[PDB]
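# Observations on chain architecture
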Amino acid sequence: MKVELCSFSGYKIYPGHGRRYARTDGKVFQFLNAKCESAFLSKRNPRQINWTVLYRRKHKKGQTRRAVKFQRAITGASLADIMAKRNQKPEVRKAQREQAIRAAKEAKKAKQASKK
Amino acid sequence: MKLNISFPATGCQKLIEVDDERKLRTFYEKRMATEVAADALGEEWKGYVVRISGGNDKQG
Amino acid sequence: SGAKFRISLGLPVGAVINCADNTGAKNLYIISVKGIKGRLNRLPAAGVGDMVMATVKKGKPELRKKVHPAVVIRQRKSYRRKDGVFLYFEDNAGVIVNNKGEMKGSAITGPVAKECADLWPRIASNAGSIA
RNA sequence: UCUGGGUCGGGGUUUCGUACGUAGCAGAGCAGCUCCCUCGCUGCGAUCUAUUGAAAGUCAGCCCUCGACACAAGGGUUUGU
RNA sequence: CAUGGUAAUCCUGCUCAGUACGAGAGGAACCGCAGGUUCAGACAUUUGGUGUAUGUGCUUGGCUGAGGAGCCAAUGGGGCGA
RNA sequence: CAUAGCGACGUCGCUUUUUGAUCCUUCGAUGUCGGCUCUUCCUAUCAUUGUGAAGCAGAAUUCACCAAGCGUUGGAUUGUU
RNA sequence: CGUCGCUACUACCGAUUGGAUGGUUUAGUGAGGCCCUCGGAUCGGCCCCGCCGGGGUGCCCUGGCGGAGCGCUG
RNA sequence: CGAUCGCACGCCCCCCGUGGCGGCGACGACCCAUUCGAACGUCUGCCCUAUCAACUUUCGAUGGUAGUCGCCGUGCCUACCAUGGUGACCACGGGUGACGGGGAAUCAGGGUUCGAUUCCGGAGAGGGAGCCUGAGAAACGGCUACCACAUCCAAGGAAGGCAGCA
RNA sequence: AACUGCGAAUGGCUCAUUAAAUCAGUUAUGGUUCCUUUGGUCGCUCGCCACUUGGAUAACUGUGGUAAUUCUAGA
Ligand SMILES: [Mg+2]
Ligand SMILES: [Mg+2]
Ligand SMILES: [Mg+2]
Ligand SMILES: [Mg+2]
Ligand SMILES: [Mg+2]
Ligand SMILES: [Mg+2]
Ligand SMILES: [Mg+2]
Ligand SMILES: [Mg+2]
Ligand SMILES: [Mg+2]
Ligand SMILES: [Mg+2]
Ligand SMILES: [Mg+2]
Ligand SMILES: [Mg+2]
Ligand SMILES: [Mg+2]
Ligand SMILES: [Mg+2]
Ligand SMILES: [Mg+2]
Ligand SMILES: [Mg+2]
Ligand SMILES: [Mg+2]
Ligand SMILES: [Mg+2]
């Protein structure tokens with residue numbers, strides 16, 4: 001139930017098994033048995049040994065779209081308010097665009113008359 | 001162990017302190033951006049699948 | 001408190017180990033181990049955390065033809081650590097101290113065994129890392 | 001005995017490390033074949049890859065079989081208050 | 001069970017306690033705790049050693065026409081090894 | 001301050017781990033130093049257990065008693081003891 | 001004038017396979033950075049096209065959940 | 001081959017009347033030229049030393065050809081060739097208590113010493129080495145690694161560079 | 001406050017290294033680069049958003065980890 005370690009071979013090391021190596025440069029390795037340890041000590045690459053986990057993942061041995069959009073009330077307007085504004089599709093927006101045109105045109109014409 | 005649970009669609013994140021390792025071993029040995037059904041937390045967390053997004057070490 | 005458990009010694013009298021401090025000494029030649037009552041024909045041997053008497057063989061000439069107290073910090077012999085792990089290091093090493101335990105040097109190169117670290121708090125502070 | 005213990009076989013465990021053969025437009029290249037092809041095909045070639053954590057061993061002092069086969073109420077020598 | 005043999009040993013650290021004692025410098029002990037030394041009797045879960053399981057790869061010289069499969073070199077050598 | 005601890009001038013002993021003295025055994029031969037190995041024994045006790053005394057405040061030490069259960073080491077030089 | 005005797009000081013030789021500090025290098029190991037060949041933990045677009053849908057009129061303009069095309073790709 | 005930001009604010013109205021037009025700028029740009037420069041080159045010039053007379057050439061030393069690389073020209077590097085190249089007119093090697101110069105001291109003339117030091121050029125940031133960014137750095141009041149010193153720590157880690165002013 | 005742009009490669013200090021090296025005068029780059037300033041050039045090209053397109057991230061709200069640092073993560 002202690003820390004679970006992994007070897008030169010990448011295998012799982014249970015407590016009371018294997019040995020631990022502490023190099024002078026400060027790195028600590030752990031080995032499952034003398035086979036995995038001596039392979040490490042002979043400067044042998046684990047990716048070239050067919051029973052090593054690192055080899056099997058390199059050679060691949062034995063081996064979606066999510067999108068959700070939500071509407072949230074913001075500071076100042078509730079979800080009820082923003083729903084009403086976006087649900088003015090049946091000619092309510094048309095009334096807004098035509099009242100904007102006539103008001104802006106009548107203000108523009110009156111501004112030209114204000115100067116003389 | 002503390003858990004920083006957050007709901008994206010409502011905000012309102014909160015921090016929950018637990019100490020039962022049986023409830024957290026369903027999270028153990030899982031990578032980030034993975035979803036694990038968090039039904040092991042009591043009885044109220046049923047129907048919930050939660051995604052690991054980050055964390056901190058003992059030293060921060 | 002807590003006392004040191006028994007460990008495999010591995011370093012008898014006559015062993016030459018590295019000198020991991022910066023005193024200018026390069027190696028330490030172990031001549032005896034402190035606290036060893038002994039037995040007929042048995043060489044006094046030392047593990048990590050053991051205090052020894054040592055003479056440096058190569059290094060500064062002001063340290064050479066003298067007897068120095070030293071403490072082993074690393075050993076190449078595997079030793080069981082009461083929880084299954086059989087730890088061993090890349091080399092044997094030790095540092096020069098005095099009888100009180102203060103280190104003559106001011107820095108340690110490489111790791112220091114946990115057995116030596118919590119037995120000599122003066123050494124542990126100077127240790128770069130604990131293995 | 002409500003059988004027995006053997007011998008093979010099987011399964012497990014474990015050791016080593018990926019078998020022979022076949023296939024590849026893999027392969028330093030080389031030697032041949034061009035009405036030919038419009039970039040081609042025929043050999044030799046260590047090694048590589050897939051088949052293949054494969055192949056091989058594993059009680060003789062490993063574990064479990066209830067699969068198959070035969071054999072086991074046989075032999076000899078003695079022993080009395 | 002008559003009888004015979006016979007076995008355990010010593011030390012350190014913490015605490016007591018910078019305490020008693022002492023002008024000061026210095027400086028204990030009993031109980032308790034954690035460990036060692038030497039010795040003794042075992043044991044192989046683990047680590048290490050061995051290793052001709054002649055177990056399985058690698059490899060030199062030669063030999064079976066070649067491949068495959070092997071063998072010989074007083075254990076050919078070497079790696080890992082139940 | 002004779003006797004905590006020493007003991008002059010003298011005097012009484014013990015031991016056979018020294019070396020002498022002698023020549024009883026062995027000259028038709030008892031293999032003659034040291035080391036290594038291994039067992040046991042003695043106590044005239046270095047340490048440990050229990051104690052007594054001091055010029056024993058503590059620490060350290062010294063003297064003495066019961067006491068041989070247990071231990072008494074690794075090395076440089078030297079054939080060496 | 002030189003030897004010898006005393007006292008100061010200065011160098012020289014000298015066993016010590018003497019010692020120490022610079023510099024330039026052979027060989028061995030070798031951190032780290034850069035380049036190259038891979039690698040692809042993740043994050044996305046398109047193909048959505050199980051559906052409620054639809055408009056010039058099942059022939060979808062699509063208003064969203066969600067299946068997920070189990071592919072083409074950044 | 002401008003999807004950028006301000007300032008006053010105006011003209012045309014026939015097609016009408018809602019659009020098209022407008023100046024002063026700022027910012028931005030591939031390229032060109034200039035400016036500040038930078039980088040590598042040409043010629044001449046340096047102290048003591050021969051108790052340094054022959055050096056260089058494996059591993060480039062000298063040249064040729066073809067390239068690679070760099071911002072470019074060049075053995076800068078690679079391959080294939082030729083055996084060259086420098087020296088008593090002092091090479092090469094060693095020392096320097098040597099950063100170089102403009103300059104300073106002494107002063108008949110000629111000369112002899114000193115220039116670390118405010119101007120110019122170079123170099124360096126404890127010693128080496130390697131890079132990110134940027135037009136420009138092999139930068140250190142940037143980073144990475146090692147070496148040496150050194151800092152805090154709950155010992156799991158983290159952080160250094162006064163030959164800048166004090 | 002933060003994103004963006006610019007500077008931080010100048011200045012200041014020191015003289016260790018360095019003996020055709022640095023450096024001084026002279027000359028070349030017809031063998032190169034050059035932010036910025038300055039002046040050119042920017043309708044020279046036939047080719048269902050343009051009355052203005054796409055997504056994220058800071059600062060900010062909130063939940064934190066560590067003993068610690070000008071450390072930062074998740075939403
Ligand atoms: Mg002996
Ligand atoms: Mg079987
Ligand atoms: Mg008895
Ligand atoms: Mg052969
Ligand atoms: Mg064969
Ligand atoms: Mg034969
Ligand atoms: Mg072996
Ligand atoms: Mg006689
Ligand atoms: Mg007589
Ligand atoms: Mg005889
Ligand atoms: Mg005899
Ligand atoms: Mg007695
Ligand atoms: Mg100098
Ligand atoms: Mg000067
Ligand atoms: Mg200057
Ligand atoms: Mg510089
Ligand atoms: Mg710039
Ligand atoms: Mg630098």
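Everything in this summary refers to the structure shown in the same document. (Residues numbered from 1 in each chain as written, not as in the entry; some residues may be left out. Chains lettered and ligands numbered in written order. Part of a larger assembly, values for the part shown. Heavy atoms only, no water.)

### Comments concerning the protein's contact with RNA strand I
Residues and elements named next belong to chain B.
- Inspection of the region around RNA strand I gives 13 residues, with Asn4, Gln13, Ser53, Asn56 and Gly60 positioned closest.
- In this structure, a phosphate oxygen belonging to RNA strand I sits 3.2 Å away from a side-chain N or O atom of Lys2.
- The separation between a sugar or linking oxygen of RNA strand I and a polar side-chain atom of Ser6 is 3.4 Å.
- Of all the elements in the fold, those that place two or more residues in the surface near RNA strand I are β1 (2-7) and β2 (11-17).
- In terms of residue class, the surface near RNA strand I is built from one nonpolar, seven polar and five charged. (Near = heavy atom within 4 Å. Polar contact = N/O pair within 3.5 Å; in protein donor to acceptor, adjacent residues only side chain to side chain. Helix = DSSP H or I, 4+ residues; strand = E, 2+ residues; numbered from the N terminus. Nonpolar A, V, L, I, M, F, W, Y, C, P; charged D, E, K, R; others polar.)

### Some words on the environment of B:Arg25
- Mapping B:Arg25 onto the fold places it in the loop between α1 (21-24) and β3 (35-37).
- Separated by 23 residues in the primary sequence, B:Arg25 and B:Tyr48 have C-alpha atoms spaced 17 Å apart.

### Brief notes about the protein's contact with RNA strand D
All names here are of chain A.
- In the neighbourhood of RNA strand D, the contacting residues comprise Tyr11, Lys35, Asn50, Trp51, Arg56, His59 and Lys61.
- A share of 46% of the atoms of RNA strand D within 4 Å of the protein falls on sugar and phosphate groups.
- With respect to RNA strand D, the side chain of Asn50 contributes an N or O atom lying 3.4 Å from a phosphate oxygen.
- Contacts to RNA strand D include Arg56, whose side-chain N or O atom sits 3.2 Å from a base nitrogen.
- Among the residues forming the surface near RNA strand D, the class breakdown is two nonpolar, two polar and three charged.

### Considerations on the side chain of C:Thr55
- Its location among the elements puts C:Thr55 in strand β5 (residues 51-55).
- Of the residues examined, C:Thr55 reaches a relative accessible area of 14% and is grouped as buried. (Buried < 20%, exposed > 50% of the residue type's maximum accessible area, 1.4 Å probe, protein only.)

### Overview of the sheet that holds strand β3 (residues 27-33) of chain C
- Taken together, the five strands give a closed barrel; going around it, the order is β2-β3-β5-β6-β9 (chain C), and neighbouring strands pair in mixed fashion. In this sheet, adjacent strand axes meet at a mean angle of 55° when their direction is disregarded. (Pairing = 2+ DSSP bridges. Axes fitted to C-alpha atoms, helices over the stretch in contact; angles between N-to-C directions.)

### Some points on the pairing of strand β2 (residues 16-19) of chain C
All names here are of chain C.
- Sheet analysis places β2 next to β3, joined by three bridges and oriented antiparallel. Looking at the pairing, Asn18 lines up with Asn27 of β3.
- Direction of pairing for β2 relative to strand β9 (residues 93-96): parallel, over a ladder of two bridges. Across the sheet, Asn18 pairs through a bridge with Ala93, a residue of β9.

### Looking at the pattern of salt bridges
- Inspection of every chain in the model, using the stated rule, returns nine salt bridges over all chains.
- A salt bridge links C:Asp91 to C:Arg74; the shortest N-O distance between them is 3.1 Å. Remark: C:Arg74 occurs in strand β6 (residues 68-74) and C:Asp91 occurs in the loop between β8 (86-89) and β9; sequence separation between them is 17 residues.
- We classify C:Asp91 as buried; its relative accessible area is 15%.
- Under the relative-accessibility criterion, C:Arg74 is labelled buried at 2%.
- Each of A:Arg23, A:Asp25 and A:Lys27 takes part in salt bridges that share partners, so that together they form one network. (Salt bridge = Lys/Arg side-chain N within 4 Å of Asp/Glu carboxyl O.)

### Looking at the side chain of C:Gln75
Residue and element names in this part refer to chain C.
- Checked against the element boundaries, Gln75 lands in the loop between β6 and β7 (79-80).
- A polar atom in the side chain of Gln75 sits 3.0 Å from the backbone oxygen of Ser8.
- Polar contacts involving the side chain of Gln75 include one to the main-chain amide nitrogen of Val48, which spans 3.4 Å.
- Every residue in contact with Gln75, bar those within four places of it in the chain, is listed here: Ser8, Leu9, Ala46, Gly47, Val48, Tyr88, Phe89, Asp91 and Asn92. (Contact = heavy atoms within 4.5 Å.)

### A closer look at the interface of chain C and chain A
- The interface is formed by 15 residues belonging to chain C together with 13 residues belonging to chain A.
- Summed over both sides, the interface of chain C with chain A buries roughly 1200 Å², with 52% coming from carbon and sulfur.
- Contact with chain A buries area across many residues of chain C, yet C:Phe86, C:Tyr88 and C:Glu90 alone supply 45% of it, more than any other trio.
- Counting every contact that joins chain C to chain A gives zero salt bridges.
- Where chain C packs against chain A, one counts nine residue pairs in polar contact.
- Within the side of chain C that touches chain A, the residues separate by chemical class into seven nonpolar, three polar and five charged.
- Looking at chain direction, strand β3 (residues 19-22) of chain A and β8(C) are connected through three bridges and run parallel. The residue bridging A:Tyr21 from the neighbouring strand is C:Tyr88, located in β8(C). (Buried area = accessible area lost by both parts, 1.4 Å probe.)

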